[PDB]
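Notes follow the structure.
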Amino acid sequence: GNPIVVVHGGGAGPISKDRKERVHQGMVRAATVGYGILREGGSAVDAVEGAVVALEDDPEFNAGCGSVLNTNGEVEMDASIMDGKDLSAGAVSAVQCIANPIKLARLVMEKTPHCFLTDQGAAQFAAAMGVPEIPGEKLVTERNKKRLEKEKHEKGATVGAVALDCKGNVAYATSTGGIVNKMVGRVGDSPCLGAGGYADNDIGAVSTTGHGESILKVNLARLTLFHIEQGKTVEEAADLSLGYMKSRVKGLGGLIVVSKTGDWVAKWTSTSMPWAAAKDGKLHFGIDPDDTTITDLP
Amino acid sequence: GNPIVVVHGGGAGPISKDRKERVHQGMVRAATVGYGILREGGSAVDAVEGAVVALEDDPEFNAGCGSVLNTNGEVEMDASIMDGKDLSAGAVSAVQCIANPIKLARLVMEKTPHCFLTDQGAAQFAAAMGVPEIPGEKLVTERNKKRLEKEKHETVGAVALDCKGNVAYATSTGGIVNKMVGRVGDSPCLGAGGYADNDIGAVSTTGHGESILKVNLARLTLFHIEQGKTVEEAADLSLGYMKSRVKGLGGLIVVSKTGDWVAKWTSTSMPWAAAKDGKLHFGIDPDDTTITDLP
Ligand code: NA
Ligand code: NA
């Protein structure tokens with residue numbers, strides 16, 4: 001039984017030669033953790049969580065440490081995780097002062113009769129679960145402070161993973177800092193099932209990135225899976241769904257897909273999207289269209 | 001075109017003879033407001049909002065005043081509204097101390113570059129928009145206080161098709177009895193709480209929120225319509241899937257772009273009403289439909 005892990009960063013382009021290598025190493029690390037969990041017989045859920053925790057902790061990515069700032073220069077995070085076997089899910093929105101929103105989303109799934117907690121109640125739940133509070137300042141990066149000032153002045157005028165485990169289970173995890181200069185309490189697509197991602201053993205798993213409002217309006221992740229159900233390949237499904245978002249709501253973004261049959265793809269309508277996939281002892285990586293590197297994974 | 005408005009309450013248990021009549025009058029009033037807006041040439045969005053504001057203000061219904069209580073005996077509300085023309089939307093979650101979450105969801109849609117605000121940020125936005133703050137107690141009913149105590153010791157919506165061919169949905173709720181602080185249901189989530197698309201139709205749902213979210217109930221219903229199923233087949237298939245896959249019960253109302261509509265549920269009951277071609281349709285229990293004329 002051949003397990004697969006696919007990871008994505010946020011559509012980033014253009015980037016400096018030296019930052020491109022840090023992004024590359026970050027993607028490799030996330031996919032290595034994810035694949036490593038799968039190879040030891042771990043679940044698709046553990047794999048996607050492991051991969052996303054890596055990207056949250058990595059300051060080079062828009063999730064956890066490295067999250068973009070809202071209008072007040074604060075880090076407000078969203079995350080969701082879904083299990084394709086029983087459709088079990090966990091999600092958090094407008095979370096602050098925690099290192100790993102995806103672990104909190106996993107906790108919502110496993111420890112509550114719910115699948116979505118927000119802001120104050122999500123903060124209270126994190127405290128009750130013994131999740132350590134970190135200075136909100138430890139999530140803020142200088143690059144994100146500059147981005148915010150740039151955005152505010154111009155106005156003068158989103159990571160994830162999908163997996164198929166050894167037992168045939170599929171899962172997705174999506175985590176974000178949102179959009180630069182967002183309003184206080186703005187909720188994106190990331191914590192919303194069907195938009196931020198979707199996982200179903202009878203179809204496959206999707207994790208998305210891009211303009212959250214657009215992803216929400218088109219239900220991007222569930223839409224992708226609807227084309228797969230209708231007989232389209234993972235590539236056709238991704239193209240059709242992304243294409244529809246572009247034409248209908250003028251939205252750009254990207255997604256990663258894994259079908260129940262083991263087919264996978266990473267596609268985007270934005271400039272770039274860092275991505276990596278691991279399957280059959282091989283690591284696939286890319287950032288720009290039609291520029292992919294494949295290396296052997298012992 | 002012939003405009004249509006469909007409204008729903010929350011799935012209800014066997015209720016008292018006199019409570020059924022207040023429920024009936026509430027549903028009639030919501031559909032009357034909705035239909036009245038449509039008949040004057042108003043948009044589908046204005047119609048669904050008008051119908052839902054009525055149900056929020058009505059203490060008989062689980063939205064606005066009459067919202068079920070959370071674990072702390074407080075009212076925390078969720079709402080979403082969508083316009084089928086451009087897929088523009090507005091949603092709010094864990095909102096407190098405001099009379100009309102649906103009006104706040106409409107303001108998110110019209111006055112911000114976003115479509116979903118939560119808790120503290122939604123409250124800040126409401127204040128900046130001049131939305132009056134009401135005491136939490138004004139949203140609390142005695143029936144709800146009893147429900148909470150009972151539970152501890154062990155949801156409304158509208159769809160419309162306007163004269164210009166636009167479709168819309170509005171969904172508003174108090175959530176589930178004894179829910180955790182900050183619990184977000186299906187109601188403010190596009191594709192789950194509802195979905196509106198001029199190229200298909202509009203859906204508004206009710207029931208076990210977690211189940212509705214997991215199956216993407218409203219968008220799922222519309223996928224079946226896209227595949228050639230009638231509004232009735234689509235509703236049955238989607239509700240049936242929620243029941244079998246995630247053990248969830250609930251209900252929904254649908255209006256297709258062609259004018260076909262239906263109200264279906266897997267729960268015990270679901271108060272509903274529909275207005276089209278000067279006629280009002282109403283029911284609570286399966287196959288109890290009453291039809292009356294309206295000039
Ligand atoms: Na990061
Ligand atoms: Na009410």
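Don't overthink the numbers, they just go from 1 along the chain as shown.
Method on record in the header is X-ray crystallography, 3.3 Å.
Backbone N, Cα and C atoms are what each Cβ position is placed from, and that goes for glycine too.
Over in Swiss-Prot, the protein carries these features:
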ACT_SITE  A:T158  active site, nucleophile
BINDING   A:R186, A:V187, A:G188, A:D189, A:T209, A:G210, A:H211, A:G212  substrate binding site
What residue among the binding-site residues A:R186, A:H211 has the most other CB atoms lying within 10 A of its CB?
A:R186
Using Cβ atoms only, which residues of the same chain lie under 8 Å from the residue listed as 'active site, nucleophile' while being at least 6 residues apart in sequence?
A:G10, A:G11, A:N62, A:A63, A:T174, A:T176, A:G177, A:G178, A:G188, A:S190, A:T208, A:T209, A:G210, A:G212
Given 17 residues with no model between A:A157 and A:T158, what whole-number C-alpha distance in angstrom do these ends have?
26
C-beta crowding around A:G188 (substrate binding site), within 10 angstroms:
28
Between the two most separated Cα atoms in A:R186, A:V187, A:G188, A:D189, A:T209, A:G210, A:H211, A:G212, the residues recorded as binding substrate, what distance in Å do you get?
16
Going by Cβ pairs closer than 8 Å, show me which of the recorded positions A:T158, A:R186, A:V187, A:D189, A:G210, A:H211 neighbour chain B.
A:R186, A:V187
